[PDB]
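Each of the two blocks below gives one form of the same protein chain as structure tokens; they are labelled structure 1 and structure 2.
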Structure 1
């Protein structure tokens, strides 16, 4: 692939990723009205709906992503969307121990998780991830690398791949993933970590992604258990949004 992505240095990768970051959105409720009146699930659903649109724009700006066919872009987003929302939430919540910062005007604690049956389980997992990032002193530059890894990794092993084209798409993804790895290592070397510390930190970061997958899976199961499914993107919806984007 002549992909410009593969010619990027670590610093250019980080710049591109920092520049692609979506805005922090606000929850939509009247702050003049008391907080009951508001449905918690309604607020969260609405927020996720609005976050999704921005996620598509962000994805299109991840180096290497637009080199893929639309079909593969959709497949990656279908698999990764909730993991991406979740890693964003955890990062925003880092400086708020015991709380989840859904939006600047929607900072929830554990006991607010108990609104909606089974959500507290997810809340606790999210809190623990936020604690882990805090403990590790996760940097914004590392965060954007991890979020891009999720986009590219989560769906890559579930392409139905008979064709030459599909094999080339997979190879491409793996090369970009290798570039993000290099980028992460670079950031750590420049922060003055030893070689051993670099590889240990890389491993600690990537192992957290396993827990993010777990949380996404649990979350998706609770959502599928519902008789309404207002925002969870079908392939076709995602393809439309990708086409509607351009």
Structure 2
């Protein structure tokens, strides 16, 4: 790759990811109905956001779709946890759809995943997660989630090199904030280990979508391919 993405400084990588951030959307107004409509509107923004993640458009269309297929629900979930950080005990699906755990029990099948999302929001709060760190983590999910389940060798190499640039960026942010070398490596590990919990929540979420008879609302390969080209 002749890629500009691999020439970016930590400051340029953060600036690109901050400028690509989607807005917070409102619910339009059935809990599953509201959430499905919100997710569908978020997906359109997510496609346009992914195209602005440095290195993402260097991939084939097929590899872009594979990464989005694997990451879309993890990306929605980390957004939700980020929006909810400053509302302890609550999930801010949207500014006009803020649910506490009491309302999560009233809706069958909600509460187990609700509780996992609340624990993630609490962990982000306890770590004082910064916006610059959040955008790095969301980009890692996009590039990392599908990379182990793929020209192909060159594509995987390029993804790992962009992932290395995002690591460098996270470490730069922490060094600039005044963290010791030891604190830098410890916080990097703490952030990346939360990604294992977001993967778990995404898998449980998919299983719950299936059990609610909502197989239809998962974006297909073909849907993502058409949205990328459109």
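Rigid core: the largest C-alpha set superposing within 1.5 Å between the two forms. Residues that one form lacks are left out of the comparison. Numbering follows the first chain given and starts at 1.
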item: Moved residue between structures 1 and 2 - picked from 116, 125, 107, 85, where its Cα shifts 2 angstroms or more relative to the rigid core; value: 116
item: Cα displacement of residue 223 between structures 1 and 2 reaching 2 Å, rigid core superposed; value: no
item: Cα displacement of residue 232 between structures 1 and 2, once the rigid core is superposed (Å); value: 1.1
item: Core-superposed comparison between structures 1 and 2, runs of at least 3 residues with CA shifts of 2 Å or more; value: 114-117, 225-231
